[PDB]
């Protein structure tokens, strides 16, 4: 299994820079896109553009510039009011940048950002805010693949996590349900999902863990089987 990372973590094997980004406003259908910019992206809401002279404010111009969706079609005025208050403090944005195969956040926005994800701390139960201007590791593909290997061998029953969950402007994790959060964003490293699928679809020749569950045939089953036999005969 030691050859696997070198074999698989490669542009000819995986889309190493692809992130799927799903925006969700409370009570609306989600809106998703995929970016493959190798510098990463910046999620933000602004009338102003990132420029070279203002990188301190808005980050590097090479990031994929991904705007939060208009809240216009939020039917509740009260909800759209709160939502606009948050979007008003999202001008500087949340940078998501790949460093090798690790994904990092850099929060620039005045809006607070809270998150859940593969590298998030698991020592308490309270909210998990992202500190402004502090490079925060969200996900490691190296570690993901190590864990994937143990899962596939059946050494763990838990599939390794890859999805990163952000809540903008309200605390998370929380007692309260995600359905009631005004603004959330889910981010998937597509290479990780692909790798989980790939490994899930590889079984052992030796360790046959599979016990099919099939009733004994009743007379109805028997009639069906005979009809299948006759149909096979008739073909030809």
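Residue numbers count along the first chain shown, from 1.
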If you average the Cα B factors in the entry, which is higher, 145 to 153 or 106 to 114?
145 to 153
Going by the mean C-alpha B-factor recorded in the entry, which is higher: 11 to 19 or 213 to 221?
11 to 19
In this crystal structure's PDB entry, the residue among 85, 125, 140, 76 with the greatest CA B factor is 125
If you compare 43, 207, 182, 190, which has the highest Cα B-factor in the entry?
207
Going by the recorded CA B-factors, say which third of the chain residue 35 sits in, lowest, middle or highest.
highest
By the recorded C-alpha temperature factor, relative to the other modelled residues in its chain, which third is residue 201 in?
middle
Test of reading the entry: by CA B factor among the chain's modelled residues, which third contains residue 48?
highest
Would you please rank residue 90 by its C-alpha temperature factor against the other modelled residues of its chain and give the third it falls in: lowest, middle or highest?
lowest
For residue 164, the third of its chain by CA B-factor is the lowest
